[PDB]
């Protein structure tokens, strides 16, 4: 269709950029397997609170990320983007279970319509949320392995945002008032990361209190993203700009 055909040269240029500037990392390289130990089923010991040494703010933030991450040139991009997201989820899970920093039972227990433009706009904001969250988190982590891991993730999220946001720029050029309306509607309705997670109210409040991510960070990044599209004085969006 017509939008897909408009976007293909932009998808190509961005895929080309993303590949030529790639600096590939592996989840397994950020996991201190030497510290791992058998659980009680295999003759070791089960988890208990004494095994966790990281601040609860840091582990709450990581559990939120993990939950979110677990859930044609364009096809080439979606496949690449998907694999990067997946990579993040593996690294986080493996770090967490090897180090025993959280109760692994909790996170392993099986018992517990958008237009195309609307979708690209949503993803640009959502990746920017990811990038701010992981940047702020990495900056508060003193444990160097984990700090390294989260910093890798943050750098990928910057790249994700750049890619989606560039597609949105081409949408603003091809089909302006549609794109603006989509930005207005997302700006009004976006919530903090993990707002949809059942029973995470306490964890969200804790990561907000630490300044990693909350309503103030969300409000500012929304203003910055609108501004970065050159839309800061656009009449229907000035109410989301600080």
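Numbering follows the first chain given and starts at 1.
Counting the unmodelled positions of the deposited sequence between residue 71 and residue 72 gives a long gap of 10 or more residues. Coordinates are absent for 10 or more residues of the deposited sequence placed between residue 112 and residue 113. Per-stretch averaging of Cα B factors for 84 to 92 and 97 to 105 places 97 to 105 on top.
The mean C-alpha temperature factor is higher for 43 to 51 when 25 to 33 and 43 to 51 are set side by side. Annotation for residue 159: C-alpha temperature factor in the lowest third relative to the rest of the modelled chain, per the entry. Residue 119: CA B factor lies in the middle third for its chain, per the PDB record.
The PDB entry assigns residue 170 a C-alpha temperature factor belonging to the middle third of its chain's modelled residues. The deposited CA B-factor of residue 75 belongs to the highest third of values across its chain.
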